[PDB]
Every structure is written in C-alpha cells, then in structure tokens.
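Novice: I have a structure here, written as structure tokens, and I will follow up with some questions on it.
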Amino acid sequence: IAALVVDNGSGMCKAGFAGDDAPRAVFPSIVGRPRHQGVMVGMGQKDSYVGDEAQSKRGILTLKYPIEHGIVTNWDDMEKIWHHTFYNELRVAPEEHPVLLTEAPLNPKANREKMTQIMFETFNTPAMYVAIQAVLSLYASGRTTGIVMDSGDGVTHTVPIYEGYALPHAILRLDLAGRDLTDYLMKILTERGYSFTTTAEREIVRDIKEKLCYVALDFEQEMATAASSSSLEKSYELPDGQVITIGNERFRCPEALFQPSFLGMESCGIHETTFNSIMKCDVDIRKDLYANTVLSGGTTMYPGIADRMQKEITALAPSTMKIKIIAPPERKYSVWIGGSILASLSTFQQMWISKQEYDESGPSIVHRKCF
Amino acid sequence: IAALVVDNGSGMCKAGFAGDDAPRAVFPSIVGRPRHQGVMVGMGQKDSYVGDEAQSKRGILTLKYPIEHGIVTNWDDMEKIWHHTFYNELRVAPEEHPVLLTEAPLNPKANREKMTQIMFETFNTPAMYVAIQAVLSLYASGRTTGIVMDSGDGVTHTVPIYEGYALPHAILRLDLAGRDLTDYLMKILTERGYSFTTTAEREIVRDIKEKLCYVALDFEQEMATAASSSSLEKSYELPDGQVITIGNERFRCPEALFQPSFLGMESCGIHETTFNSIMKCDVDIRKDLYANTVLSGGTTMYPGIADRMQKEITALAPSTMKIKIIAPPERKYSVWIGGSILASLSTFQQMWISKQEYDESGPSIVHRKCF
Amino acid sequence: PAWXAXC
Amino acid sequence: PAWXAXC
Amino acid sequence: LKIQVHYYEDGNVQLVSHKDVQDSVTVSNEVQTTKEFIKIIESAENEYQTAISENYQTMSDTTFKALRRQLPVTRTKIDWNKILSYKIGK
Ligand SMILES: Nc1ncnc2c1ncn2[C@@H]1O[C@H](COP(=O)(O)OP(=O)(O)O)[C@@H](O)[C@H]1O
Ligand SMILES: Nc1ncnc2c1ncn2[C@@H]1O[C@H](COP(=O)(O)OP(=O)(O)O)[C@@H](O)[C@H]1O
Ligand SMILES: [Mg+2]
Ligand SMILES: [Mg+2]
C-alpha cells in the first residue's frame with residue numbers, strides 16, 4: 001500500500017500519495033461558514049464549505065484559516081480540512097494507508113500531540129510520522145548539506161542541515177510571513193484609497209500580491225524612480241470588473257521581508273536571520289552552507305527575491321565566499337515533493353510510528369521523536 | 001574627598017561611594033532608543049533612555065546592551081551609561097571624587113586605554129584605578145585565598161586567588177552567562193506555547209528567570225517526579241494579566257550551566273571550569289583552594305545551586321580533599337562590595353593614578369603594566 | 001463606496 | 001493570538 | 001632551537017619541537033656585533049615562544065578537532081534510537 005503525504009501549510013494544503021512527483025490536491029486551507037440566513041431551502045445548503053468550495057462561494061461566506069503561524073488554532077475546522085483532504089480531495093480511507101505529516105520548526109508540543117491524537121483516533125491511521133518541513137525542503141533539491149530559508153503564508157524559518165542531520169540549536173523562526181505581507185499590502189493599498197476589509201476582500205488582496213508585487217533589488221533608487229516616473233506602476237481588475245493601480249506599493253510590500261520595522265516588528269529581516277543562523281553554525285561548516293542556501297515555500301516566489309537575498313547576504317558574509325542562492329522553480333511545492341521522495345524509501349520505512357505503539361505507549365513515543 | 005566605586009558588569013551597573021556595604025545605584029546597563037515616532041511633542045521626549053527609565057518605557061524602545069558577552073561593543077553607548085551614572089543615578093559631578101572602575105581579566109589591552117581616556121578626558125576624574133573584578137569578590141568574602149566562580153550576565157570567570165593575588169595562567173574565561181541562559185529559557189517556554197521575540201520581550205523573560213527557575217540536585221529523578229505529578233508546577237502572570245503555567249521548565253533551564261551541551265556550547269560547565277582551573281595551580285595550594293570555593297555574581301542565586309555544585313565538583317576532585325562551597329546571601333554584590341573595601345584603604349588612597357599623572361603621561365601609563 | 005474601490 | 005502568549 | 005616537555009601525573013603528555021634558522025649579517029664594531037647577535041636571538045626565541053603559546057592555544061584546538069571532534073557536526077549529543085534506525089542520506 002502507498003503511504004499518504006500531507007503538507008499542512010498555513011495557507012494552502014498540498015497532499016498526495018507517496019511517489020507522486022507533485023501533489024495531487026493543492027487547495028487553500030480555508031473553512032467557511034455563511035454570513036447570512038439561508039432562504040431558498042430547496043437548494044439544500046451545507047453548513048461549512050472547505051477549500052476551493054469556500055473560494056468559489058466567497059462573498060456569502062466568512063472565511064477562517066484554522067492554522068496561524070503553524071499553530072492549529074481551531075481543531076474542528078482543521079479536522080474538517082483533513083476529512084476533505086482524505087474522503088474527497090484524494091478519495092482514500094486514511095485508516096488503510098500510512099500517513100506523513102509535515103510540521104513547522106519550533107512549534108509547541110501540544111500541536112504535535114493533538115495532530116497525533118486526531119490522526120490515530122479520528123482517522124485511525126495505521127502508521128505515521130511528523131517531519132520537520134526544512135528537512136524535506138533540502139531533500140527536495142537532492143542535496144544533503146545546506147541551510148534552508150523556508151517562508152510560507154504563516155512561518156519563515158532557517159534550518160542548517162549537514163550530511164542530512166539538522167542542527168537543532170542553530171534553528172531560527174521569524175513569524176513575518178505571507179499573511180503578514182498580505183496585511184501590510186492592505187494598509188499600503190489604502191493610501192491610494194483602495195480599501196479592503198472583509199475576509200473576501202482579503203483574498204482579493206492576496207491575489208493582487210501574487211501577481212503585481214516584486215522584490216526590488218535596490219530600494220532607494222527604485223523608490224526615487226517611483227517618485228520621478230509613472231512607468232514603474234501598472235494595473236489589475238477586481239472580481240467586480242473595476243481596475244486598480246499598484247505602484248510604489250508593488251515593491252514596498254515585499255521590502256518588508258528585509259525590513260520588518262515596516263510592520264513594526266523589531267525582528268531581523270530574512271537576510272539577517274539566514275546570516276545569524278549561519279553564524280550560529282560551527283566555524284568550519286559556514287562555507288559549505290554558503291554554497292547551499294535553499295529557498296522554499298510560496299512567499300519565496302517573489303520575482304527578484306533570489307537576487308536580493310544574494311546581494312544582501314553578500315554584505316553580511318566576509319569577502320571571498322561563494323555566496324550562491326539556490327532558488328529553483330518548484331520551490332512552490334518543494335516541501336511536499338521532499339516528502340514524497342523520503343516516503344518512498346526503506347530506510348524511512350523504519351521511522352513510521354505504528355498505531356499499536358502509540359496505542360500502548362500513549363503520547364510518550366511522540367514526546368521523543370519531536371526532539 | 002571620598003572615592004566612587006563603579007562595577008562595569010554586563011547586565012547591571014553597580015555604583016556608589018567607598019566604605020558603604022551596599023551600592024547607592026543599581027540599574028540595567030541598557031541604552032534604549034525609540035522604536036516609533038514621538039507624536040505628542042509636549043512630552044519633551046529623549047533621543048535615548050537608560051536604566052529604570054528605559055525599563056519603565058520598555059514597550060516603546062529598542063533596548064541595546066553596550067556590553068555583549070563581556071566586551072564593550074559601542075563606546076558612546078557605554079559613555080552614556082557612565083554619564084547617567086554620575087549625573088543622574090548618583091547626582092554628582094565626576095570631576096570631584098576619586099573613581100574606581102572594575103575590569104575583567106584577559107580583556108585586551110586597548111580597552112584599558114579607552115576606559116582610562118574616557119574617565120580622565122570625558123569625566124575629569126581627579127584620580128583613577130582599574131581593578132580585576134574577581135579579586136574584589138574574595139576580598140569581600142573576607143578570605144585571603146580561594147577559587148572564585150563569578151558569573152553575571154556576560155562572562156563566567158574562574159580565578160584561583162592565592163596570597164591575595166590572581167594567578168593569571170589559571171584564569172578560565174567562560175562565555176556562558178546570564179544572557180545566554182535567558183535565551184534558553186525562551187526556547188523551553190516555546191515548547192509549551194509561550195512566545196517572546198522583541199528585545200523588550202527578552203527583558204520580560206529575564207524577570208521570569210529570576211523567579212520560577214531553580215537547580216535540582218539530581219536531574220532525571222526530579223524530572224521523573226515532575227513528569228508523574230503536577231505538584232511541581234507554579235505560575236507568574238505577564239504585564240498583560242494572563243498566567244503562564246510552568247513545571248518541568250523550572251529545573252531544565254539552569255541545568256544548562258552543568259550541561260553546555262544543551263546549548264551546543266563546546267566549552268565545559270560551571271563546576272568543570274572550576275575544577276579545570278584548580279588543577280592548573282601550584283600543587284601545594286590544591287587543598288588550600290578546595291576548602292575555599294567562592295560563588296558570586298547574579299547568576300549564582302538559583303535555589304539548590306550550591307548543593308548541586310558540591311555534589312557535582314565532588315565527582316571531579318579526588319575524594320577527602322574537603323571541598324566546601326561559600327554561598328551565603330548578599331553574594332549578588334560581592335564584587336562591588338570588595339571595591340568599596342579596597343577604596344577604604346589608606347594605602348590605596350596613595351596608589352591611584354592621579355589626574356596630574358595622566359595629564360603628564362597620557363594613556364602610556366598602562367604600557368608599563370600591559371606588556 | 002466612498003473610497004475608490006472597496007467601500 | 002495563536003501563540004498562547006504572544007501571537 | 002629545541003623544546004622538550006613531559007607530564008605524567010596520571011596519564012602522559014609530551015611536547016617535542018625544533019626550529020632551524022639561517023641568516024646574513026654585516027660586521028662593523030665589537031659593540032654592534034654583540035648587540036646584533038643578541039637582537040637576533042631575542043627576536044627568534046620570543047617569536048618562537050609567541051607562536052608556541054598563542055598559535056597552539058587556538059590553532060591546535062582546530063587541527064586536533066579536525067582529527068577528532070569535541071561535539072559532532074550537529075553540535076548535539078547523538079541519540080541512539082535515531083542512530084540505529086536512520087541511515088541518513090548520502
Ligand atoms: N507568485 C507569488 N508571489 C509571491 N507570493 C506568492 C506567490 N504565489 C504564492 N505566494 C504566497 O505563498 C504563500 C503560501 O505558500 P505555500 O508554502 O504553498 O503555503 P503554506 O505557506 O500554507 O505552506 C501564500 O501566502 C502566498 O501569498
Ligand atoms: N535571583 C536571581 N535569580 C536568577 N538570576 C539572577 C538572580 N539575580 C541575578 N540574576 C542574573 O544575574 C545576571 C547579572 O549578574 P550580575 O553579576 O549582577 O551582573 P553583571 O555581571 O553585569 O555585573 C542577570 O542577567 C540576572 O538574570
Ligand atoms: Mg509551508
Ligand atoms: Mg559582574
């Protein structure tokens with residue numbers, strides 16, 4: 001039987017069977033409910049739409065993300081996401097196949113506990129493992145020594161991993177993520193009088209970000225150009241047909257990854273957290289990391305972010321280093337791909353916790369393997 | 001005129017006139033700058049704040065320590081700490097009283113010049129001296145021989161002082177201290193779902209470290225008890241009124257002082273660096289030292305730390321050497337206390353570098369001493 | 001409706 | 001807000 | 001120039017070393033040659049001691065580490081369950 005691989009991303013759920021080269025199910029991790037009383041009873045409405053359903057019916061629903069910064073905040077909402085993942089999106093009985101769960105680094109013990117409990121007892125999975133997302137990210141490029149800079153909708157994190165072993169004390173988390181950049185995008189679009197408030201409107205702003213924002217290579221000269229010619233500014237049209245112009249705002253939004261001060265976060269920028277994790281690594285190995293900075297997760301998709309990460313972390317490194325930013329295509333779903341790779345293998349076939357083990361030993365098996 | 005005694009500690013600056021048995025000023029050595037714009041211009045708001053003003057204003061300031069690990073990082077920030085010490089904390093003109101500066105052993109020779117030049121040329125001190133911290137500690141403890149284990153916010157220092165002299169060859173500077181220990185508390189709190197990131201938030205964690213945390217006499221026995229029963233669990237509520245619930249974390253943090261492995265530190269633990277220092281001595285003085293183990297500086301305060309230190313270092317020494325741990329109260333301040341005594345000696349009143357001596361010799365006064 | 005798009 | 005005492 | 005040290009309190013450690021020096025000089029006066037030869041001896045012995053203290057207290061830690069490490073590449077103590085089970089990738 002083929003194990004099931006699920007990337008529990010904060011914004012989108014990527015899932016499939018082991019050995020697929022790309023995820024089968026790729027959908028926004030949304031649970032919806034209706035904002036108004038239902039009146040055409042002959043329609044036969046259902047009380048909570050999920051995934052692409054909620055995104056289809058958008059403006060009659062309140063939209064809930066159950067995962068905030070990797071923390072599962074609402075469990076019955078997340079349980080419905082997994083129910084839909086299994087019975088509808090993949091069409092499989094999860095009690096008959098082993099399951100691979102991705103998880104974010106430095107995420108509290110209880111999240112793994114409740115994930116475990118729900119898998120082993122709501123879905124009765126037969127065997128299971130929970131992988132540190134960055135491991136899978138590095139593995140996805142086929143390399144086995146580097147530092148990963150992961151940056152999803154909910155978490156940005158830096159993990160050094162050498163000869164395939166992680167450095168746990170040298171990990172960093174920064175919660176400034178894709179949602180936060182959507183937040184700041186609202187605020188700056190408000191300057192040109194484009195207000196967006198409802199969750200539905202939030203999704204419009206997410207769409208806008210995903211197609212007109214880009215990482216400026218040279219912020220000062222760019223912003224001087226933006227104050228000198230309209231040629232850097234362009235437009236997009238709403239689901240309401242009307243056009244909206246995105247301008248200075250284009251670059252100002254993604255600039256925040258390097259300047260978290262712009263969202264009033266004192267926390268260091270992504271170039272600083274990568275550097276500050278390399279400098280937490282043992283003095284020997286820093287070279288091996290500089291040739292192997294791998295980017296992963298969807299907010300690493302901004303045009304020019306690689307160029308900026310390079311030209312920035314260049315300044316943080318000493319001169320005479322091969323500072324090479326590994327930013328391929330498929331970085332989008334890389335984490336999942338790595339899951340599928342690792343899942344296919346007899347060595348990893350030792351790692352999966354048997355349901356029976358958990359059943360007999362309680363949470364005491366997972367309380368170890370979470371490190 | 002009476003002398004002024006100043007302790008340039010990593011975390012808190014302890015200061016006051018000589019002969020006194022408690023310092024007249026005790027404050028966190030912080031330069032705190034604005035995080036945000038001062039819109040209410042009528043406040044008379046400051047370019048930076050210091051000490052208890054910064055700690056009151058915590059929520060709106062970027063808190064920078066000018067000493068990190070043990071070295072001054074930015075001279076003008078330290079210079080502000082000193083200016084504030086004189087004019088605000090003590091309300092005195094530094095031109096008018098002799099001055100003593102504490103200093104760490106093996107601090108590079110140029111630092112002595114910078115301190116000396118600032119104290120004469122910025123602050124016009126009428127006489128000056130610079131002293132090895134650790135000496136003052138034993139001196140304050142009365143005894144004329146022993147091994148110091150001094151640990152504040154930045155450096156753990158071990159010195160065997162014999163016939164009233166530091167033995168320089170035996171001095172084991174250890175980069176593990178209070179600040180480093182604070183970081184690890186952040187992580188073990190994270191396990192249970194509490195988060196803290198901003199440099200303001202760091203100081204909140206410091207308050208917790210100084211209250212709930214303690215040293216267990218034997219690690220897994222205690223931990224097994226804690227894993228069995230919630231009896232070992234206590235609480236402390238943040239400025240935002242929510243209680244934190246804490247058990248297993250309480251002994252786990254300061255365990256690190258015995259296990260630098262927990263933080264990936266290559267250097268040995270606190271008992272270890274003490275032994276490892278003892279063994280370097282002229283062999284005849286070994287027993288003179290073992291009866292004379294002296295603890296000091298703020299990190300030495302944790303409940304059970306002395307009893308643990310005894311059971312720990314007893315393993316390393318050959319038995320029947322009668323190892324004894326001097327750890328009464330008031331050891332929070334032994335270093336500054338020592339200087340206050342030293343500055344009361346009539347011979348020392350002859351021995352200061354005078355203002356007139358520096359005004360003829362400049363910083364070259366130290367070149368006879370520094371080799 | 002007061003703003004440009006949006007309300 | 002996610003976090004138990006922080007976000 | 002040669003140095004030899006032995007310690008044996010419980011186990012044993014030994015230091016063994018040589019340096020060879022070649023130089024060229026010019027001859028002027030009895031006082032000046034006296035001073036000059038001494039200056040060379042002074043310089044050579046003080047540099048030789050300076051290297052053998054200051055370099056060996058740091059660089060020997062790094063080369064001895066390159067022969068066997070103090071903590072692993074992970075900077076963590078190894079874990080027997082994961083070490084038995086996980087033949088981690090090439
Ligand atoms: N073309 C794009 N440019 C910038 N950001 C993007 C782009 N496409 C997707 N994203 C961001 O990727 C984030 C989610 O990526 P992903 O890692 O797949 O989901 P999750 O973060 O939940 O695991 C979203 O917040 C979205 O803003
Ligand atoms: N009662 C206590 N419990 C735990 N930690 C303490 C206590 N008192 C002081 N400390 C720690 O000692 C550190 C500073 O020690 P101290 O030697 O007084 O400062 P410095 O070395 O800068 O002079 C602080 O970071 C503080 O966390
Ligand atoms: Mg993700
Ligand atoms: Mg001190």
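Each chain in the structure tokens gets a letter, A, B and so on, in the order shown; residues start at 1 in every chain, and ligands are counted from 1 in the order they appear.
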Using only C-alpha atoms and all ligand atoms, what are the residues with an atom within 8 Å of ligand 4, set out as a list in words?
Specialist: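 The residues near ligand 4 are residues 7, 8, 9, 10, 11, 12, 133, 150, 151, 152, 153, 297, 298 and 335 of chain B.
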Novice: Could you pull out the strand (DSSP E) residues of chain E, going by DSSP on the backbone, and write them as a ChimeraX atom specification?
Specialist: /E:2-7,13-18
Novice: Compute the chain B side of the contact with chain E at 12 Å, counting only C-alpha atoms, and hand it back as a list in words.
Specialist: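 Applying the cut-off to the listed atoms yields residues 169, 259, 260, 261, 262, 263, 264, 265, 266, 267, 268, 279, 283 and 318 of chain B.
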Novice: Counting only C-alpha atoms, give me one row per residue of chain A with an atom at most 12 Å from an atom of chain B, showing the shortest contact pair and its distance in Å to one decimal, sorted by chain then residue number, as JSON lines.
Specialist:
{"residue": "A:69", "atom": "CA", "partner": "B:195", "partner_atom": "CA", "distance": 11.7}
{"residue": "A:70", "atom": "CA", "partner": "B:193", "partner_atom": "CA", "distance": 11.6}
{"residue": "A:71", "atom": "CA", "partner": "B:193", "partner_atom": "CA", "distance": 9.1}
{"residue": "A:72", "atom": "CA", "partner": "B:193", "partner_atom": "CA", "distance": 11.6}
{"residue": "A:73", "atom": "CA", "partner": "B:193", "partner_atom": "CA", "distance": 11.7}
{"residue": "A:105", "atom": "CA", "partner": "B:191", "partner_atom": "CA", "distance": 10.7}
{"residue": "A:106", "atom": "CA", "partner": "B:190", "partner_atom": "CA", "distance": 7.1}
{"residue": "A:107", "atom": "CA", "partner": "B:191", "partner_atom": "CA", "distance": 6.9}
{"residue": "A:108", "atom": "CA", "partner": "B:191", "partner_atom": "CA", "distance": 4.5}
{"residue": "A:109", "atom": "CA", "partner": "B:191", "partner_atom": "CA", "distance": 5.6}
{"residue": "A:110", "atom": "CA", "partner": "B:192", "partner_atom": "CA", "distance": 7.2}
{"residue": "A:111", "atom": "CA", "partner": "B:193", "partner_atom": "CA", "distance": 9.1}
{"residue": "A:112", "atom": "CA", "partner": "B:191", "partner_atom": "CA", "distance": 10.7}
{"residue": "A:113", "atom": "CA", "partner": "B:192", "partner_atom": "CA", "distance": 11.6}
{"residue": "A:167", "atom": "CA", "partner": "B:264", "partner_atom": "CA", "distance": 9.2}
{"residue": "A:168", "atom": "CA", "partner": "B:264", "partner_atom": "CA", "distance": 9.1}
{"residue": "A:169", "atom": "CA", "partner": "B:263", "partner_atom": "CA", "distance": 6.3}
{"residue": "A:170", "atom": "CA", "partner": "B:264", "partner_atom": "CA", "distance": 8.7}
{"residue": "A:171", "atom": "CA", "partner": "B:187", "partner_atom": "CA", "distance": 10.8}
{"residue": "A:172", "atom": "CA", "partner": "B:187", "partner_atom": "CA", "distance": 10.6}
{"residue": "A:173", "atom": "CA", "partner": "B:197", "partner_atom": "CA", "distance": 9.8}
{"residue": "A:174", "atom": "CA", "partner": "B:197", "partner_atom": "CA", "distance": 8.9}
{"residue": "A:175", "atom": "CA", "partner": "B:197", "partner_atom": "CA", "distance": 9.8}
{"residue": "A:176", "atom": "CA", "partner": "B:197", "partner_atom": "CA", "distance": 11.7}
{"residue": "A:260", "atom": "CA", "partner": "B:198", "partner_atom": "CA", "distance": 11.6}
{"residue": "A:261", "atom": "CA", "partner": "B:35", "partner_atom": "CA", "distance": 8.6}
{"residue": "A:262", "atom": "CA", "partner": "B:36", "partner_atom": "CA", "distance": 10.7}
{"residue": "A:263", "atom": "CA", "partner": "B:36", "partner_atom": "CA", "distance": 11.3}
{"residue": "A:264", "atom": "CA", "partner": "B:35", "partner_atom": "CA", "distance": 8.0}
{"residue": "A:265", "atom": "CA", "partner": "B:198", "partner_atom": "CA", "distance": 7.7}
{"residue": "A:266", "atom": "CA", "partner": "B:198", "partner_atom": "CA", "distance": 5.8}
{"residue": "A:267", "atom": "CA", "partner": "B:198", "partner_atom": "CA", "distance": 6.4}
{"residue": "A:268", "atom": "CA", "partner": "B:198", "partner_atom": "CA", "distance": 9.8}
{"residue": "A:280", "atom": "CA", "partner": "B:264", "partner_atom": "CA", "distance": 9.7}
{"residue": "A:281", "atom": "CA", "partner": "B:264", "partner_atom": "CA", "distance": 9.8}
{"residue": "A:282", "atom": "CA", "partner": "B:264", "partner_atom": "CA", "distance": 9.6}
{"residue": "A:283", "atom": "CA", "partner": "B:266", "partner_atom": "CA", "distance": 11.9}
{"residue": "A:364", "atom": "CA", "partner": "B:227", "partner_atom": "CA", "distance": 10.9}
{"residue": "A:367", "atom": "CA", "partner": "B:191", "partner_atom": "CA", "distance": 11.0}
{"residue": "A:370", "atom": "CA", "partner": "B:191", "partner_atom": "CA", "distance": 10.5}
{"residue": "A:371", "atom": "CA", "partner": "B:191", "partner_atom": "CA", "distance": 10.4}
Novice: Go ahead and save the picked residues with N, CA and C atoms, as a short mmCIF file (atom, residue, chain, number, x, y, z; two decimals), in the first residue's frame.
Specialist:
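Dumped to part01.cif:
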data_model
loop_
_atom_site.label_atom_id
_atom_site.label_comp_id
_atom_site.auth_asym_id
_atom_site.auth_seq_id
_atom_site.Cartn_x
_atom_site.Cartn_y
_atom_site.Cartn_z
N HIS A 69 0.41 30.80 11.85
CA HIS A 69 1.82 30.64 12.14
C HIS A 69 2.17 29.24 12.62
N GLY A 70 1.59 28.28 11.91
CA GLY A 70 1.84 26.86 12.13
C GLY A 70 1.05 26.26 13.29
N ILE A 71 0.59 27.10 14.21
CA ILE A 71 -0.29 26.70 15.28
C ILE A 71 -1.68 26.46 14.73
N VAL A 72 -2.19 25.26 14.96
CA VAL A 72 -3.58 24.94 14.71
C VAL A 72 -4.41 25.55 15.83
N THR A 73 -5.10 26.61 15.48
CA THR A 73 -5.90 27.41 16.38
C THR A 73 -7.29 26.88 16.62
N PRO A 105 9.08 24.16 12.32
CA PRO A 105 10.02 24.09 13.44
C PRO A 105 9.64 25.05 14.55
N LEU A 106 10.08 24.71 15.75
CA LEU A 106 9.79 25.40 16.97
C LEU A 106 8.30 25.70 17.05
N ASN A 107 7.50 24.66 17.10
CA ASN A 107 6.07 24.70 17.23
C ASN A 107 5.65 23.85 18.42
N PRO A 108 4.75 24.31 19.28
CA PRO A 108 4.61 23.73 20.60
C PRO A 108 4.16 22.28 20.62
N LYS A 109 4.59 21.56 21.65
CA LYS A 109 4.41 20.14 21.88
C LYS A 109 2.98 19.70 21.74
N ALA A 110 2.08 20.52 22.24
CA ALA A 110 0.66 20.25 22.14
C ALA A 110 0.16 20.17 20.69
N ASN A 111 0.71 20.90 19.74
CA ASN A 111 0.25 20.84 18.37
C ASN A 111 0.52 19.46 17.80
N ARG A 112 1.69 18.91 18.02
CA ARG A 112 2.04 17.58 17.63
C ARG A 112 1.18 16.57 18.35
N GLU A 113 0.99 16.74 19.67
CA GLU A 113 0.07 15.87 20.42
C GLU A 113 -1.31 15.82 19.78
N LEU A 167 20.89 20.81 12.68
CA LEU A 167 21.47 21.49 13.81
C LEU A 167 20.36 22.13 14.64
N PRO A 168 19.78 21.46 15.65
CA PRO A 168 18.59 21.99 16.31
C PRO A 168 18.79 23.27 17.08
N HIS A 169 19.92 23.42 17.77
CA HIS A 169 20.20 24.65 18.50
C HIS A 169 20.42 25.86 17.58
N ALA A 170 20.70 25.66 16.29
CA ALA A 170 21.00 26.73 15.34
C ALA A 170 19.80 27.16 14.46
N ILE A 171 18.63 26.54 14.66
CA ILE A 171 17.37 26.92 14.01
C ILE A 171 16.89 28.31 14.45
N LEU A 172 16.31 29.06 13.51
CA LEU A 172 15.59 30.29 13.82
C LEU A 172 14.19 30.28 13.19
N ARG A 173 13.23 30.88 13.90
CA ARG A 173 11.89 31.17 13.42
C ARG A 173 11.67 32.69 13.41
N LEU A 174 11.04 33.19 12.36
CA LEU A 174 10.53 34.55 12.22
C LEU A 174 9.08 34.42 11.76
N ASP A 175 8.11 34.91 12.53
CA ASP A 175 6.71 34.73 12.13
C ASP A 175 6.27 35.68 11.00
N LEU A 176 7.10 36.62 10.55
CA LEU A 176 6.75 37.51 9.43
C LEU A 176 6.59 36.72 8.14
N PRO A 260 11.58 44.38 8.66
CA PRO A 260 10.35 44.09 9.42
C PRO A 260 9.86 45.25 10.27
N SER A 261 10.73 46.22 10.51
CA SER A 261 10.41 47.52 11.03
C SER A 261 9.25 48.19 10.32
N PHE A 262 9.04 47.91 9.06
CA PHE A 262 7.97 48.48 8.29
C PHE A 262 6.61 48.01 8.76
N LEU A 263 6.54 46.82 9.36
CA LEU A 263 5.36 46.33 10.06
C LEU A 263 5.48 46.44 11.58
N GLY A 264 6.38 47.29 12.06
CA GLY A 264 6.66 47.46 13.43
C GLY A 264 7.18 46.28 14.19
N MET A 265 7.71 45.30 13.51
CA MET A 265 8.40 44.19 14.07
C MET A 265 9.87 44.53 14.21
N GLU A 266 10.39 44.43 15.44
CA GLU A 266 11.80 44.66 15.71
C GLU A 266 12.68 43.52 15.20
N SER A 267 12.09 42.34 14.98
CA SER A 267 12.77 41.13 14.50
C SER A 267 13.57 41.37 13.22
N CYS A 268 14.67 40.64 13.08
CA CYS A 268 15.61 40.81 11.98
C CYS A 268 14.99 40.39 10.63
N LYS A 280 25.45 31.02 13.80
CA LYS A 280 25.24 30.07 14.90
C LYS A 280 25.88 28.73 14.61
N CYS A 281 26.14 28.42 13.34
CA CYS A 281 26.81 27.19 12.93
C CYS A 281 28.32 27.24 13.18
N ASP A 282 28.87 26.06 13.51
CA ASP A 282 30.28 25.85 13.80
C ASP A 282 31.17 26.41 12.68
N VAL A 283 32.27 27.05 13.09
CA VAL A 283 33.07 27.87 12.20
C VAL A 283 33.55 27.10 10.98
N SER A 364 3.93 9.24 24.81
CA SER A 364 5.33 9.04 25.15
C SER A 364 6.23 8.62 23.99
N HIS A 367 6.62 12.35 22.13
CA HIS A 367 7.37 13.20 23.03
C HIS A 367 8.89 13.04 22.92
N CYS A 370 9.93 14.20 18.38
CA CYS A 370 9.81 15.62 18.16
C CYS A 370 11.05 16.44 18.52
N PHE A 371 11.96 15.89 19.32
CA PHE A 371 13.26 16.47 19.72
C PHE A 371 13.14 17.89 20.32
#
Novice: Write out as a list in words each polymer residue whose atoms come within 10 Å of residue 181 in chain A, counting only C-alpha atoms; drop sequence neighbours fewer than 2 positions from it.
Specialist: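 So, after excluding close chain neighbours, the residues are residues 153, 176, 177, 178, 179, 183, 184, 185, 186, 187, 206, 209, 252, 253, 254, 255, 256, 257, 263 and 299 of chain A.
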Novice: Residues at most 10 Å from residue 285 in chain A, counting only C-alpha atoms, excluding those fewer than 3 positions away in the same chain, as number ranges by chain?
Specialist: A: 145-146, 160, 162, 278-279, 281-282, 288-290; E: 73
Novice: Using only C-alpha atoms, find the residues of chain C whose closest atom to chain A is at most 6 Å away, then write them as a list in words.
Specialist: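 Contact residues on the first chain: residues 3, 4, 5 and 6 of chain C.
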Novice: What would the file look like if the residues just selected were written as a short mmCIF file (atom, residue, chain, number, x, y, z; two decimals), in the first residue's frame with C-alpha atoms?
Specialist:
data_model
loop_
_atom_site.label_atom_id
_atom_site.label_comp_id
_atom_site.auth_asym_id
_atom_site.auth_seq_id
_atom_site.Cartn_x
_atom_site.Cartn_y
_atom_site.Cartn_z
CA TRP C 3 -13.41 55.22 -1.23
CA UNK C 4 -12.32 54.45 -4.56
CA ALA C 5 -12.73 50.76 -4.83
CA UNK C 6 -13.89 48.79 -1.95
#
Novice: Show which residues sit within 10 Å of residue 236 in chain B, as a PyMOL selection string. Count only C-alpha atoms, and ignore same-chain residues fewer than 3 positions away.
Specialist: chain B and resi 207-208+211-212+239+241-246
Novice: From the set A:16, A:269, A:328, A:154, which residue has the shortest atom-to-atom contact distance to ligand 1, counting only C-alpha atoms and all ligand atoms?
Specialist: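 Checking each of A:16, A:269, A:328, A:154 against ligand 1, counting only C-alpha atoms and all ligand atoms, the winner is A:154.
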Novice: To one decimal in Å, tell me the separation between CA of residue 57 in chain B and atom 26 (C, counted along the ligand's line) of ligand 2.
Specialist: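 Between CA of residue 57 in chain B and atom 26 (C, counted along the ligand's line) of ligand 2 the gap works out to 19.7 Å.
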Novice: Would you mind listing what lies within 12 Å of range 51-55 of chain E as a ChimeraX atom specification, with only C-alpha atoms counted and same-chain residues fewer than 2 positions away left out?
Specialist: /B:169 /E:2-3,15-19,44-49,57-63
